[PDB]
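Text of the file run.cif, holding mmCIF, C-alpha atoms; chains and numbers go by the auth columns:
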data_model
loop_
_atom_site.group_PDB
_atom_site.id
_atom_site.type_symbol
_atom_site.label_atom_id
_atom_site.label_comp_id
_atom_site.label_asym_id
_atom_site.label_seq_id
_atom_site.Cartn_x
_atom_site.Cartn_y
_atom_site.Cartn_z
_atom_site.B_iso_or_equiv
_atom_site.auth_seq_id
_atom_site.auth_asym_id
ATOM 1 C CA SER A 1 35.830 46.906 3.646 0.00 1 A
ATOM 2 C CA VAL A 2 36.699 43.483 2.203 0.00 2 A
ATOM 3 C CA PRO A 3 40.312 43.002 1.011 0.00 3 A
ATOM 4 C CA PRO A 4 41.052 41.272 -2.324 0.00 4 A
ATOM 5 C CA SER A 5 41.485 37.511 -2.628 0.00 5 A
ATOM 6 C CA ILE A 6 42.696 35.796 -5.809 0.00 6 A
ATOM 7 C CA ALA A 7 42.029 32.327 -7.235 0.00 7 A
ATOM 8 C CA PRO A 8 45.205 30.336 -7.961 0.00 8 A
ATOM 9 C CA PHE A 9 46.426 30.186 -11.553 0.00 9 A
ATOM 10 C CA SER A 10 49.109 28.117 -13.266 0.00 10 A
ATOM 11 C CA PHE A 11 50.851 27.660 -16.618 0.00 11 A
ATOM 12 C CA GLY A 12 51.248 24.048 -15.513 0.00 12 A
ATOM 13 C CA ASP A 13 54.303 22.518 -13.862 0.00 13 A
ATOM 14 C CA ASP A 14 55.521 21.075 -17.167 0.00 14 A
ATOM 15 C CA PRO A 15 57.717 23.333 -19.349 0.00 15 A
ATOM 16 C CA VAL A 16 56.018 24.833 -22.403 0.00 16 A
ATOM 17 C CA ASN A 17 57.270 24.566 -25.987 0.00 17 A
ATOM 18 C CA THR A 18 58.028 27.658 -28.058 0.00 18 A
ATOM 19 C CA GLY A 19 55.088 28.721 -30.221 0.00 19 A
ATOM 20 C CA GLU A 20 52.376 27.387 -27.925 0.00 20 A
ATOM 21 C CA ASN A 21 49.269 29.418 -27.116 0.00 21 A
ATOM 22 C CA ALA A 22 49.398 29.797 -23.333 0.00 22 A
ATOM 23 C CA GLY A 23 47.598 31.869 -20.727 0.00 23 A
ATOM 24 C CA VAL A 24 46.310 32.445 -17.218 0.00 24 A
ATOM 25 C CA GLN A 25 43.583 34.490 -15.577 0.00 25 A
ATOM 26 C CA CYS A 26 43.682 36.686 -12.486 0.00 26 A
ATOM 27 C CA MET A 27 40.238 36.275 -10.977 0.00 27 A
ATOM 28 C CA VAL A 28 39.540 38.260 -7.832 0.00 28 A
ATOM 29 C CA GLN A 29 37.076 36.455 -5.586 0.00 29 A
ATOM 30 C CA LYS A 30 36.120 38.532 -2.564 0.00 30 A
ATOM 31 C CA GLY A 31 36.963 42.232 -2.372 0.00 31 A
ATOM 32 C CA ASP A 32 35.424 45.707 -2.265 0.00 32 A
ATOM 33 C CA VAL A 33 35.502 47.807 -5.426 0.00 33 A
ATOM 34 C CA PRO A 34 37.189 49.861 -6.792 0.00 34 A
ATOM 35 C CA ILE A 35 39.980 47.315 -7.288 0.00 35 A
ATOM 36 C CA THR A 36 43.176 47.701 -9.280 0.00 36 A
ATOM 37 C CA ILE A 37 44.739 44.685 -10.977 0.00 37 A
ATOM 38 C CA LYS A 38 48.257 44.686 -12.410 0.00 38 A
ATOM 39 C CA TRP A 39 50.953 42.258 -13.545 0.00 39 A
ATOM 40 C CA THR A 40 54.690 41.763 -13.217 0.00 40 A
ATOM 41 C CA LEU A 41 57.059 39.332 -14.904 0.00 41 A
ATOM 42 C CA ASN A 42 60.225 38.692 -12.903 0.00 42 A
ATOM 43 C CA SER A 43 59.257 41.785 -10.858 0.00 43 A
ATOM 44 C CA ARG A 44 59.033 44.074 -13.911 0.00 44 A
ATOM 45 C CA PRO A 45 55.591 45.577 -14.658 0.00 45 A
ATOM 46 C CA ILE A 46 54.030 44.260 -17.857 0.00 46 A
ATOM 47 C CA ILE A 47 51.048 45.753 -19.655 0.00 47 A
ATOM 48 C CA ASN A 48 49.151 44.718 -22.784 0.00 48 A
ATOM 49 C CA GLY A 49 51.435 44.476 -25.801 0.00 49 A
ATOM 50 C CA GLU A 50 54.712 44.307 -23.888 0.00 50 A
ATOM 51 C CA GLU A 51 56.924 41.390 -24.962 0.00 51 A
ATOM 52 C CA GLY A 52 54.042 40.137 -27.100 0.00 52 A
ATOM 53 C CA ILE A 53 51.937 39.445 -24.022 0.00 53 A
ATOM 54 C CA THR A 54 48.199 40.130 -24.179 0.00 54 A
ATOM 55 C CA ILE A 55 46.635 41.529 -21.003 0.00 55 A
ATOM 56 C CA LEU A 56 42.943 42.445 -20.955 0.00 56 A
ATOM 57 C CA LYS A 57 40.618 43.714 -18.230 0.00 57 A
ATOM 58 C CA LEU A 58 37.569 41.524 -18.770 0.00 58 A
ATOM 59 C CA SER A 59 35.695 42.829 -15.721 0.00 59 A
ATOM 60 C CA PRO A 60 36.504 44.854 -12.601 0.00 60 A
ATOM 61 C CA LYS A 61 37.515 41.577 -10.923 0.00 61 A
ATOM 62 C CA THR A 62 39.097 39.629 -13.792 0.00 62 A
ATOM 63 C CA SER A 63 42.278 40.166 -15.779 0.00 63 A
ATOM 64 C CA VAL A 64 43.041 37.820 -18.659 0.00 64 A
ATOM 65 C CA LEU A 65 46.624 37.103 -19.715 0.00 65 A
ATOM 66 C CA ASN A 66 47.351 35.399 -23.017 0.00 66 A
ATOM 67 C CA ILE A 67 50.648 34.652 -24.717 0.00 67 A
ATOM 68 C CA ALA A 68 49.665 34.024 -28.342 0.00 68 A
ATOM 69 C CA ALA A 69 53.034 32.485 -29.199 0.00 69 A
ATOM 70 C CA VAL A 70 55.281 31.543 -26.286 0.00 70 A
ATOM 71 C CA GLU A 71 58.969 32.449 -26.581 0.00 71 A
ATOM 72 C CA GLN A 72 61.920 31.781 -24.274 0.00 72 A
ATOM 73 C CA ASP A 73 61.772 35.504 -23.442 0.00 73 A
ATOM 74 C CA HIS A 74 58.504 34.835 -21.603 0.00 74 A
ATOM 75 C CA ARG A 75 60.229 32.505 -19.146 0.00 75 A
ATOM 76 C CA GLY A 76 59.853 33.424 -15.476 0.00 76 A
ATOM 77 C CA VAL A 77 57.544 34.303 -12.595 0.00 77 A
ATOM 78 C CA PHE A 78 54.230 35.922 -13.503 0.00 78 A
ATOM 79 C CA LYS A 79 52.611 37.796 -10.634 0.00 79 A
ATOM 80 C CA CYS A 80 49.119 39.247 -10.465 0.00 80 A
ATOM 81 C CA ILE A 81 48.583 42.029 -7.930 0.00 81 A
ATOM 82 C CA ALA A 82 45.135 43.107 -6.731 0.00 82 A
ATOM 83 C CA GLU A 83 44.690 46.203 -4.555 0.00 83 A
ATOM 84 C CA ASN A 84 41.807 48.068 -2.939 0.00 84 A
ATOM 85 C CA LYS A 85 41.105 50.353 0.028 0.00 85 A
ATOM 86 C CA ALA A 86 41.113 47.492 2.533 0.00 86 A
ATOM 87 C CA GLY A 87 44.271 45.695 1.422 0.00 87 A
ATOM 88 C CA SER A 88 46.285 44.023 -1.314 0.00 88 A
ATOM 89 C CA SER A 89 47.063 40.525 -2.524 0.00 89 A
ATOM 90 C CA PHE A 90 49.254 38.780 -5.055 0.00 90 A
ATOM 91 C CA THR A 91 49.671 35.260 -6.409 0.00 91 A
ATOM 92 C CA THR A 92 52.153 33.810 -8.879 0.00 92 A
ATOM 93 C CA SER A 93 52.946 31.142 -11.448 0.00 93 A
ATOM 94 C CA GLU A 94 56.284 30.293 -13.028 0.00 94 A
ATOM 95 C CA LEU A 95 56.325 29.773 -16.781 0.00 95 A
ATOM 96 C CA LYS A 96 58.990 27.336 -17.949 0.00 96 A
ATOM 97 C CA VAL A 97 59.961 27.195 -21.622 0.00 97 A
ATOM 98 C CA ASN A 98 61.878 24.300 -23.195 0.00 98 A
ATOM 99 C CA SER B 1 44.177 21.698 -44.217 0.00 1 B
ATOM 100 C CA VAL B 2 45.110 21.881 -40.528 0.00 2 B
ATOM 101 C CA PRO B 3 42.121 21.375 -38.163 0.00 3 B
ATOM 102 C CA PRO B 4 41.876 23.121 -34.757 0.00 4 B
ATOM 103 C CA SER B 5 43.407 21.529 -31.659 0.00 5 B
ATOM 104 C CA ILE B 6 42.596 22.838 -28.186 0.00 6 B
ATOM 105 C CA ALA B 7 44.530 22.960 -24.926 0.00 7 B
ATOM 106 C CA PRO B 8 42.415 21.411 -22.163 0.00 8 B
ATOM 107 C CA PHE B 9 41.037 23.657 -19.421 0.00 9 B
ATOM 108 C CA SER B 10 39.424 23.152 -16.019 0.00 10 B
ATOM 109 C CA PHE B 11 37.320 25.017 -13.467 0.00 11 B
ATOM 110 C CA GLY B 12 39.203 22.905 -10.940 0.00 12 B
ATOM 111 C CA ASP B 13 39.151 19.795 -8.767 0.00 13 B
ATOM 112 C CA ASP B 14 36.717 21.032 -6.156 0.00 14 B
ATOM 113 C CA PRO B 15 33.091 22.235 -6.270 0.00 15 B
ATOM 114 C CA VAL B 16 32.733 26.014 -6.367 0.00 16 B
ATOM 115 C CA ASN B 17 30.713 28.084 -3.897 0.00 17 B
ATOM 116 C CA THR B 18 27.897 30.367 -5.013 0.00 18 B
ATOM 117 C CA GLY B 19 29.105 33.903 -5.697 0.00 19 B
ATOM 118 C CA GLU B 20 32.633 32.965 -6.736 0.00 20 B
ATOM 119 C CA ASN B 21 34.395 34.239 -9.857 0.00 21 B
ATOM 120 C CA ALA B 22 35.167 31.363 -12.216 0.00 22 B
ATOM 121 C CA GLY B 23 36.456 31.119 -15.758 0.00 23 B
ATOM 122 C CA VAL B 24 38.481 29.335 -18.425 0.00 24 B
ATOM 123 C CA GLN B 25 40.441 30.190 -21.576 0.00 25 B
ATOM 124 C CA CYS B 26 39.858 28.157 -24.716 0.00 26 B
ATOM 125 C CA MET B 27 43.248 28.328 -26.393 0.00 27 B
ATOM 126 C CA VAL B 28 43.573 26.782 -29.833 0.00 28 B
ATOM 127 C CA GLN B 29 47.049 25.424 -30.562 0.00 29 B
ATOM 128 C CA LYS B 30 47.274 23.878 -34.028 0.00 30 B
ATOM 129 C CA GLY B 31 44.881 25.047 -36.736 0.00 31 B
ATOM 130 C CA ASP B 32 44.612 27.374 -39.728 0.00 32 B
ATOM 131 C CA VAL B 33 42.912 30.741 -39.295 0.00 33 B
ATOM 132 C CA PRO B 34 40.176 31.898 -39.417 0.00 34 B
ATOM 133 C CA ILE B 35 38.762 29.783 -36.590 0.00 35 B
ATOM 134 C CA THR B 36 35.261 30.002 -35.143 0.00 36 B
ATOM 135 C CA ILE B 37 35.153 29.456 -31.387 0.00 37 B
ATOM 136 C CA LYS B 38 31.849 28.892 -29.615 0.00 38 B
ATOM 137 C CA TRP B 39 30.584 27.582 -26.290 0.00 39 B
ATOM 138 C CA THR B 40 27.856 25.303 -24.977 0.00 40 B
ATOM 139 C CA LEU B 41 26.562 24.627 -21.472 0.00 41 B
ATOM 140 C CA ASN B 42 24.983 21.175 -21.253 0.00 42 B
ATOM 141 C CA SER B 43 24.781 21.026 -25.060 0.00 43 B
ATOM 142 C CA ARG B 44 22.854 24.302 -25.411 0.00 44 B
ATOM 143 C CA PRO B 45 24.671 27.247 -27.083 0.00 45 B
ATOM 144 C CA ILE B 46 25.875 30.183 -24.992 0.00 46 B
ATOM 145 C CA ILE B 47 26.218 33.763 -26.167 0.00 47 B
ATOM 146 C CA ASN B 48 27.975 36.643 -24.404 0.00 48 B
ATOM 147 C CA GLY B 49 25.970 37.707 -21.351 0.00 49 B
ATOM 148 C CA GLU B 50 23.589 34.734 -21.396 0.00 50 B
ATOM 149 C CA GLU B 51 22.808 33.421 -17.895 0.00 51 B
ATOM 150 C CA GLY B 52 25.343 35.974 -16.656 0.00 52 B
ATOM 151 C CA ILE B 53 28.166 34.275 -18.554 0.00 53 B
ATOM 152 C CA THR B 54 30.809 36.439 -20.239 0.00 54 B
ATOM 153 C CA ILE B 55 32.256 35.206 -23.536 0.00 55 B
ATOM 154 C CA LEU B 56 34.954 37.076 -25.468 0.00 56 B
ATOM 155 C CA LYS B 57 37.061 36.247 -28.506 0.00 57 B
ATOM 156 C CA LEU B 58 40.406 37.503 -27.226 0.00 58 B
ATOM 157 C CA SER B 59 42.428 36.717 -30.348 0.00 59 B
ATOM 158 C CA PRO B 60 42.110 34.699 -33.564 0.00 60 B
ATOM 159 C CA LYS B 61 42.943 31.569 -31.528 0.00 61 B
ATOM 160 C CA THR B 62 41.647 32.263 -28.017 0.00 62 B
ATOM 161 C CA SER B 63 38.218 32.645 -26.442 0.00 63 B
ATOM 162 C CA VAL B 64 37.687 33.527 -22.776 0.00 64 B
ATOM 163 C CA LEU B 65 34.718 32.483 -20.652 0.00 65 B
ATOM 164 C CA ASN B 66 33.992 34.172 -17.318 0.00 66 B
ATOM 165 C CA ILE B 67 31.261 33.687 -14.745 0.00 67 B
ATOM 166 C CA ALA B 68 31.446 36.837 -12.632 0.00 68 B
ATOM 167 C CA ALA B 69 29.151 35.478 -9.905 0.00 69 B
ATOM 168 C CA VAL B 70 28.614 31.715 -9.913 0.00 70 B
ATOM 169 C CA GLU B 71 25.106 30.477 -9.142 0.00 71 B
ATOM 170 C CA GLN B 72 23.831 26.898 -8.986 0.00 72 B
ATOM 171 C CA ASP B 73 22.229 27.524 -12.390 0.00 73 B
ATOM 172 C CA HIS B 74 25.750 27.464 -13.860 0.00 74 B
ATOM 173 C CA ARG B 75 26.074 23.766 -13.030 0.00 75 B
ATOM 174 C CA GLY B 76 27.120 21.442 -15.820 0.00 76 B
ATOM 175 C CA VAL B 77 29.406 20.719 -18.738 0.00 77 B
ATOM 176 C CA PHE B 78 31.070 23.660 -20.465 0.00 78 B
ATOM 177 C CA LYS B 79 32.254 22.846 -23.960 0.00 79 B
ATOM 178 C CA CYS B 80 34.476 24.930 -26.193 0.00 80 B
ATOM 179 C CA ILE B 81 34.144 24.187 -29.903 0.00 81 B
ATOM 180 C CA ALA B 82 36.780 25.327 -32.399 0.00 82 B
ATOM 181 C CA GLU B 83 36.047 25.117 -36.128 0.00 83 B
ATOM 182 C CA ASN B 84 37.755 26.044 -39.364 0.00 84 B
ATOM 183 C CA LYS B 85 37.315 24.989 -42.992 0.00 85 B
ATOM 184 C CA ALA B 86 39.468 21.903 -42.386 0.00 86 B
ATOM 185 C CA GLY B 87 37.650 20.367 -39.418 0.00 87 B
ATOM 186 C CA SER B 88 36.452 20.783 -35.841 0.00 88 B
ATOM 187 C CA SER B 89 37.449 19.901 -32.285 0.00 89 B
ATOM 188 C CA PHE B 90 36.249 20.394 -28.718 0.00 90 B
ATOM 189 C CA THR B 91 37.280 20.117 -25.087 0.00 91 B
ATOM 190 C CA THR B 92 35.201 20.265 -21.918 0.00 92 B
ATOM 191 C CA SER B 93 35.170 20.849 -18.179 0.00 93 B
ATOM 192 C CA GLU B 94 32.435 20.193 -15.653 0.00 94 B
ATOM 193 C CA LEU B 95 31.595 23.019 -13.278 0.00 95 B
ATOM 194 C CA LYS B 96 30.331 21.837 -9.897 0.00 96 B
ATOM 195 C CA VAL B 97 28.546 24.120 -7.443 0.00 97 B
ATOM 196 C CA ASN B 98 28.055 23.377 -3.739 0.00 98 B
#
What would the structure in this file look like if it were written as structure tokens?
Amino acid sequence: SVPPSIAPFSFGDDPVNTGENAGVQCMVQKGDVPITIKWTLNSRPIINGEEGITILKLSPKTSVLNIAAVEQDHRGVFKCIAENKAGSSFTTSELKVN
Amino acid sequence: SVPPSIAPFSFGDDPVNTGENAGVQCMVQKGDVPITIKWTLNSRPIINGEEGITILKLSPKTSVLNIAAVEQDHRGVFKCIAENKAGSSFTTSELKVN
């Protein structure tokens, strides 16, 4: 009956240049399975392929996000949301683009 | 003729507890494709699944390493090596376990 906890992630506090290969990982630490992991960008759900963003479920507790070529469209607050029977958690990181 | 360049990564400032979920993304920035991306732990090569370490080539310029459940055996220097026909490059991060 353990609720999900998530390790912090960050694109870095320095703005990113267009064309860079950037990414973060949503790694659930403690938490009962089954767990669902999902993403939003500026509160809109994003899934693999949307806006050129790669999102891949590496394991039941890890989601990998990769932006192969950063654009100004990718600017904003990325949120990972992890949910199971016992509770839910989210953590965020703002991507800044020069 | 452009050799691979790699964004630095880190498991973090602080030592990690046993059982935690840790990982890094090796994201090549500059460099002509195709690029071979491989990993070592304390100078010895790692393959997907070895010592419970997940390794996945996510894209032509990104490789993801995940340790689903960290043990003290995972202690040491993780190196990502990126190679093409032009040249090679690497970046590292030391994983510490309490």
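Between atom CA of residue A:70 and atom CA of residue B:32 there is a distance of 17.7 Å.
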Using all atoms listed in the file, find each residue in chain A having at least one atom no more than 9 Å away from chain B; report its shortest atom-to-atom pair and that distance in Å (one decimal), rows by chain then rising number, as CSV.
residue,atom,partner,partner_atom,distance
A:7,CA,B:21,CA,8.3
A:19,CA,B:29,CA,8.7
A:20,CA,B:29,CA,6.3
A:21,CA,B:29,CA,5.7
A:22,CA,B:27,CA,7.0
A:23,CA,B:25,CA,7.4
A:24,CA,B:25,CA,7.6
A:25,CA,B:24,CA,7.8
A:27,CA,B:21,CA,6.3
A:28,CA,B:21,CA,6.8
A:29,CA,B:21,CA,5.5
A:30,CA,B:20,CA,7.8
A:54,CA,B:58,CA,8.8
A:56,CA,B:58,CA,8.4
A:58,CA,B:66,CA,8.3
A:59,CA,B:68,CA,8.0
A:61,CA,B:68,CA,7.9
A:62,CA,B:21,CA,8.2
A:64,CA,B:64,CA,8.0
A:66,CA,B:62,CA,8.2
A:68,CA,B:61,CA,7.8
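Here atom CA of residue B:44 stands at a distance of 21.9 Å from atom CA of residue B:12.
The spacing separating atom CA of residue A:37 from atom CA of residue A:83 amounts to 6.6 Å.
Cα RMSD of chain A against chain B, computed after a least-squares overlay on all Cα atoms in order: 0.5 Å.
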>> If the PyMOL selection byres ((chain B and resi 98) around 6) were run on this exact file, what residues would it hold? Put them as a list in words.
In response: residues 15, 16, 17 and 97 of chain B
> So which residues touch stretch 71-82 of chain B within 9 Å, counting all atoms listed in the file, skipping near sequence neighbours fewer than 4 positions away, as a PyMOL selection string?
Replying inline: chain B and resi 3-6+17-20+26+28+35-43+51-53+61+63+67+87-98
Centre and edge lengths, as JSON, for the axis-aligned box enclosing every listed atom of stretch 56-60 of chain A with 4 Å of padding on each of the six sides, in Å to one decimal?
{"center_x": 39.3, "center_y": 43.2, "center_z": -16.8, "size_x": 15.2, "size_y": 11.3, "size_z": 16.4}
